[PDB]
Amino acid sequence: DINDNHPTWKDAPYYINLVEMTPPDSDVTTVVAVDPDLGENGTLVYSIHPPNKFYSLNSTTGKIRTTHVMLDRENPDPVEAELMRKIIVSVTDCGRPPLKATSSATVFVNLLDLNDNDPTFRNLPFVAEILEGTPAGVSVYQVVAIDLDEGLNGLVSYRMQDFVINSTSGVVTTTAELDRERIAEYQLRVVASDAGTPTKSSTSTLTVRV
């Protein structure tokens, strides 16, 4: 009848890979604690404490799941960033008196990246001011767009659809002597792409006035 043992954590700390945006109620991992006491003196109750809005836990099986709060690798908030990557877990037996394990157990989640973000322009849309009789091979603008994704998924390149844009630099160069009487205003649709295998794009207008 004496509660002879505390619960004892097993293979802690835990390190786990999880893709971001993983659907709600998707399995993450199963935390495990040991207590050889018979009856309620060894019956365990797991719990996430402090509470984590990105994960739920089966009190009896110690099995963690995701919630209707999606996991976002590009979430700018430092408070959330940590919750998404660190799950602190408390356990107790149901004995008389009830005993906790003498410390919690951290689950370290590694958030794997999806190409879920598209490029977004820093300096577009814009209106570039130029004087007529500007000869060919003159830079007028340099387009900048950023992608919050990781590695190749965040690497932004530039394309169009009387000018040419260098795909690496985002620099916009002329190909002819510009004249007010031929075309005084150009609307140029610059398409910014990333390097994901399902490539994501983003278009905005550079308005050249002569």
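Numbering starts at 1 and follows the sequence shown.
Asker: Mind giving me a quick count class for deposited residues absent from the model between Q161 and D162? Options are none, 1 to 3, 4 to 9, 10 or more.
Answerer: The entry has a gap there, with 4 to 9 residues left out between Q161 and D162.
Asker: Please compare 166 to 174 with 25 to 33 and name the stretch with the higher mean C-alpha B-factor in the deposited structure.
Answerer: Higher mean C-alpha B-factor: 166 to 174.
Asker: Per the record, averaged over C-alpha atoms, which has the higher B-factor: 199 to 207 or 2 to 10?
Answerer: Mean C-alpha B-factor is greater for 199 to 207.
Asker: Using the temperature factors in the entry, find which of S139, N115, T106, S103 has the highest value at its Cα atom.
Answerer: Of the options given, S139 has the highest CA B-factor in the PDB entry.
Asker: Among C94, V91, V127, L111, where is the Cα temperature factor highest, going by the PDB entry?
Answerer: Across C94, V91, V127, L111, the entry lists the biggest C-alpha B-factor for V127.
Asker: Among the modelled residues of its chain, does the C-alpha B-factor of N17 lie in the lowest, middle or highest third?
Answerer: It falls in the bottom third of the chain.
Asker: Could you place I87 in the lowest, middle or highest third of its chain by Cα temperature factor, using the values in the record?
Answerer: Lowest third, going by the recorded CA B-factors of the chain.
Asker: In terms of the chain's CA B-factor thirds, is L44 lowest, middle or highest?
Answerer: Answer is lowest: the recorded C-alpha B-factor places it there.
Asker: Would you mind checking where the Cα B-factor of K53 ranks among the modelled residues of its chain, as the lowest, middle or highest third?
Answerer: Its C-alpha B-factor, which the entry lists for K53, ranks in the lowest third among residues of this chain.
Asker: Taking the C-alpha B-factors as the PDB entry records them, is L155 in the lowest, middle or highest third of its chain?
Answerer: Lowest third, going by the recorded CA B-factors of the chain.
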